[PDB]
Amino acid sequence: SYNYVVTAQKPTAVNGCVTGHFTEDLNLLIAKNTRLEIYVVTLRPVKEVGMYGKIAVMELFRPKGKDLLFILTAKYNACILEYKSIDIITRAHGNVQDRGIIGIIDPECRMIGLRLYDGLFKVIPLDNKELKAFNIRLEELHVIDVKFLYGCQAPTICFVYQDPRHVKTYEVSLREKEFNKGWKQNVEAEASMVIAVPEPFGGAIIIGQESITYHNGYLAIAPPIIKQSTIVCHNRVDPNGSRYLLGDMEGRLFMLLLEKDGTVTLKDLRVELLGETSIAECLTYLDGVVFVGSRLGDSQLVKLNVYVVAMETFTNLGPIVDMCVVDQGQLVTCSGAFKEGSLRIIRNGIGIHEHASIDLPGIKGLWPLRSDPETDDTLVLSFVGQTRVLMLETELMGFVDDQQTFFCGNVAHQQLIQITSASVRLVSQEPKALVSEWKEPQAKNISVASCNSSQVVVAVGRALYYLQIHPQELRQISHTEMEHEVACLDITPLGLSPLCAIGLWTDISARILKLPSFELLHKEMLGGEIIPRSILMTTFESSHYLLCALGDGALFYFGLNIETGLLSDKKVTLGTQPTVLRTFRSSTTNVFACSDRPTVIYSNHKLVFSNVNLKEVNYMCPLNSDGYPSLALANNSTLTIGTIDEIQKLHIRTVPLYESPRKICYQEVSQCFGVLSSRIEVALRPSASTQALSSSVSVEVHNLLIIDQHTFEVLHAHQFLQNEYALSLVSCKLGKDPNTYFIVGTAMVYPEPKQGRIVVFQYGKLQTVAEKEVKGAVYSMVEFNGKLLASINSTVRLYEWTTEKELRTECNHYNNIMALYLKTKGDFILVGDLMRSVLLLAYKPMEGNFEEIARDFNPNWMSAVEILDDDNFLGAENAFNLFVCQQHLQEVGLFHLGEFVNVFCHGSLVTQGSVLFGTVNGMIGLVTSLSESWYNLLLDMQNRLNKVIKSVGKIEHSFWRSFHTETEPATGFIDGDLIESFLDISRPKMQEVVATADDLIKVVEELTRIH
């Protein structure tokens, strides 16, 4: 195995959210598996980090003498973190494994408690910088939930447990490393949630189905409101504990209100229906704003009024239950569940919604303009030795038309400016006339020009002049003579700039000069013999950069200090043609990189680059007209005006189904998708399967949806039989038959299945062409050399399709526990078992039977399988690991991925081969192959990167990537994510890794192009 794995889409499902004071600031922290996102509540993003672990626990807490952050991963890495140029420093770390997960922190910060295993409670006393823990044995072996109580002299836990449900308390003594007698209580049969109520109340609230109880050493309520659905999350609104939000498995939002000598006791409890949200994994009141963190659908900000109003939606692709690639190249996912169910159509790059196109060749520059003293109404265009003005063709008074314009626009004191190769022209507004004209003393040609609203700097060979724009006056402030010819200039004020950026011929430097002086603050030799073509100073977020494009397509960029002029730190290649850089706004600042590979540059806290979906753009400008409210773009022959999609790497389109999609397959001849779905009927709401144009027949109700490939309209829905679950889908032709079918495999499911069907359909409507009753669940189906291969419990069967439109068994394979997965290549079949890993079959065409070629004898609970090639078989299993196999299958590659894979398919949104995969967390990845020689180089690089990069938990990358079920170093796999991070680290760290730095940049740049 020489395989390489990389993230195409980071995980999007929310697994945890908390509020606190981590960075006076109110923070939202969010866990998305391997990512921790940190926001300031205004949500202003501040920092995202990747951990080398799956986040299991995430708790903020303030010891005596800002909140610190405790994290635990699913591999039991424990750390205490501090936010401190942003750093997350590790205050304490250690591994707390013993030879789901619940983590809780005492309110007086005396200790951390962990429920990792039945029958043990692990305590980390809070200086143990190594986070040494001890175990206490708990006699109650099945703990449902546990919390630390608030009003207590000794640290006291309160928990629900199940035995042949009860609430008990214990004191946790650090002297005795043991429990003490804590009040106790039998409680509701489905009590599943403990809430420690703060002072003045103290005590605990217990959430069941149908029941809510408070205890402090009766009181209970049983509101009919809450029995219809299970409450899955709760959140404290007031510090008092007087109000709590609660969320259900249907997205209903409740408030729970506590009615309050000289103490305060609980008088009563009330529950009130607030409204509907996405199905919440977590809830955090911000301030009446609530963050709804979702696993099964999109997350949200909602407003609570004096009842719920959604402010913002955040894309969650998870769970990705199935997907396919269709043309080019686009990914269509079965996404989410229940009322959140959807299709997502995922495409690389940024699109342009073109609103006007004009036949105009030779455009050599482009400027927007306001002729009326707030919207642009004019577009000025440049040509070789010429200028033309467009109204939104016209003529502007004051402007020349028989010289080339180098810059023009709106300037200080209600004026316009035009700079040409001959002079700088200042033009009044009311009316329009030449009010000032600057020329070089000997009337030599202006060669390069830059301009803001107040300042002008122009070059004349090696000479620079700094002008200021005054009421009816171009005032020459200063000048100088550069050492080489000036190549490019910028004076973007980061509205008066104390700085000039320049690029020179001959020495190929980028310089930062002071204004008015022209003192050098910084020189950078850029290397080579190609000149800088564009140069630009820019603010992204609240950070300042120099950007500098060469004539060959290379782009250098640097952090920049306004006060110092210092350039620090990176190269990237964007096209082969010279890049022209232009700023535009879309909310935020962005730079358009005009070339044969057009590109937006944006900001992470790190410059990102995303392909614009045009063939070529030579020049562009932003355009806020009344008619085109936008961008203007110019190639060799057209002037385009349009809108641009959101600035982001993946464009995602959502088709809501309002029920659960399960399988998808494309049918090219029909120009449609077939999609299996199920809805819960009690029908709860309208959903895709109840809203089709046509429908046919013949708790969970399953359907086959026919969905238009262009509009994504539900054209037809076929309902299955009562108690019939649809499990497998194929679109194919069979035998000599020229027709293309949707074929479905089912299971009749009664309170494993012993009955099922295979149904052949043809698509305005869906006719049933053939059925075949079978003696089990039809878990998997795949077309196989014009025959139908099917898995039915522990049987793998091959059917032929006869002249009389029936399926007829040809052969069977029996040596499985449960054949869940099937992939095919040529005459070879890859079988994934429920518990016995992977099996390689061969159809023997001359004998009409199967032959087992090889088997992997390691038990593996499979989630998905793929054939990488004739001799290499990929597996994903239930403990988040990938493996590759080659009469024994040898396990030659092993990798801890950290995600649960539901689907693999061959394809690309743009090494040998390309398999994308979809995940429970909505992460999308890619697996590809390498030569021994690329592997060896990149393994070595991985090892060097690991020695140089600081990991946030102080977790070892080798540990994190170790194959682990109920452990072994990763082998034959490159962590592509680690590799790509080489482009983000500092210049000296890059040099530290390298013992050229720029030669590895070219290697990693090539690797980023595969997705």
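Easy rule for this one: first residue shown is 1, then count along the chain.
Determination method: X-ray crystallography, 2.4 Å.
Placement of Cβ uses the backbone N, Cα and C atoms for every residue, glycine included.
DSSP assigns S1 (N-acetylserine) to coil in the three-state reduction, placing it in neither a helix nor a strand. Neighbour density for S1 (N-acetylserine): within 10 A of its CB lie 22 other CB atoms from the protein chains shown. Feature annotation from Swiss-Prot assigns N-acetylserine to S1; the stated evidence is a large-scale study or a structure entry.
Feature annotation from Swiss-Prot assigns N6-acetyllysine to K954; the stated evidence is a large-scale study or a structure entry. Other C-beta atoms found within 10 angstroms of the C-beta of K954 (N6-acetyllysine) number 15, with every protein chain shown included. In the three-state DSSP scheme, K954 (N6-acetyllysine) is classed as coil.
If you look up Swiss-Prot, you'll see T996 marked as phosphothreonine.
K954 (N6-acetyllysine) is 28 Å away from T996 (phosphothreonine) when you measure Cα to Cα. Rounded to the nearest whole angstrom, the C-alpha distance between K954 (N6-acetyllysine) and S1 (N-acetylserine) is 29. Unmodelled segment: 3 residues between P751 and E752, spanning 10 Å (Cα to Cα, whole number). Classification of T996 (phosphothreonine) by DSSP places it in coil, neither helical nor stranded. In the deposited model, 6 residues between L392 and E393 are left unbuilt, and the Cα atoms flanking this gap sit 9 Å apart.
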